[PDB]
């Protein structure tokens, strides 16, 4: 499917893709291998769709947070650089691209949002978010505004949501508690309510997106913006006398931007893996390769120690690293995609008045917890049905929901299996199962049959009950190790294809209510 003898690269439209194409031309000069750089729209959503069919680019560039989901789906080649190459990059950047103990991408650069201000309009930028309404009123008297930034991508609003205590997945004792989501706590609510109040008081407009905020800052209409290092090139061209500084505090606490490490992963379906490794290690991740990209659109604090020693002297890079140290390195867990979609919907709905801050963040919490809660219920049902004994481990966060959904699932699911016993036994024969490969083919049939019909709790219970019927067969045929991957496969198609409907039902609470 992917053509051998060439390299196709995907990178976001806000990065230095013309600089990257200059590195590709240098590679072609030596090897005769043509390198095509593309920047398709929504490349981070297109990549898992096309790479799953054996298609897509040879190399994908994105911040490290999406890569764990790609790796979990088997879409990325494991990268194994030698120690001499590994030592040329900062160890924390390699940590950002490690998933299940394996390196799944090459780190390129460390990105963090900073406060960018027009020194000619605002010689002393604000230290707090609280003083921005009064500053906006003062600036409005002169035909200017205090601040405009992209309100359509939650990445830009997150530093404010996290400032007073909001968090994505709790991190404590050197580990993430995936069961602990903090998008709907008092801290997140205060941050988002402050943003909504800025919009209600006409200090910001809910429709402001990336282009609008960028045009207004680069034309001197707004005194401040919130953006990353890639934006500096267009501000340079505009000749605005700008500064790059620490984000304002909220309730006396620093804004905490989610820090991304721009990384390059190699498609598992690529027949050009050795060419991609040579391109990335020996052409791109060199002082000259990174300089070519950086001159087009700044990368931020690069992962390559030798080049970073020079960039670190730039006060804009010092400000980027200061904001990064006050924030957090993004997790790379597979549910980051679901978290981002949920928080993106929450900020847009709260900003537009479609939902209150409380309704918006409650839905964001349900969406962010959906995979873990669904896995807990489905995994426990399949394993207790197969072995005849329940899991003694504590249910954890939202244990009441899990326990009640499991009790409901025992009552309804058992009835489904009892009434359709002969029909399920017949289907189990056609799907000849005796090993791990036979479970993977069953999964493919499940995904299509479930995805084809109507969305309702009856069909969801059928999908899970048939999975329990199969897990019983796996226990007797001494293939009990296939049960947990089957539970993960059922959970994945359920949370991915029925995401919106699930959240509208208040997740598993709606299931308990429906069958009450």
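Residue numbers count along the first chain shown, from 1.
Two stretches are in play, 435 to 443 and 203 to 211, and the higher mean C-alpha B-factor belongs to 435 to 443. Per-stretch averaging of Cα B factors for 322 to 330 and 392 to 400 places 392 to 400 on top. Comparing the listed residues 471, 43, 37, 59, the entry records the largest Cα B-factor for 471.
Across the options 227, 245, 349, 425, the residue with the most elevated CA B-factor in the record is 425. Residue 341 sits in the middle third of its chain by CA B factor, as recorded in the PDB entry. For residue 267, the recorded CA temperature factor ranks within the lowest third of the chain's modelled residues.
Among the modelled residues of its chain, residue 250 has a C-alpha B-factor that falls in the middle third according to the deposited record. Residue 457: CA B factor lies in the middle third for its chain, per the PDB record. Sort the modelled residues of the chain by CA B factor and residue 418 lands in the highest third.
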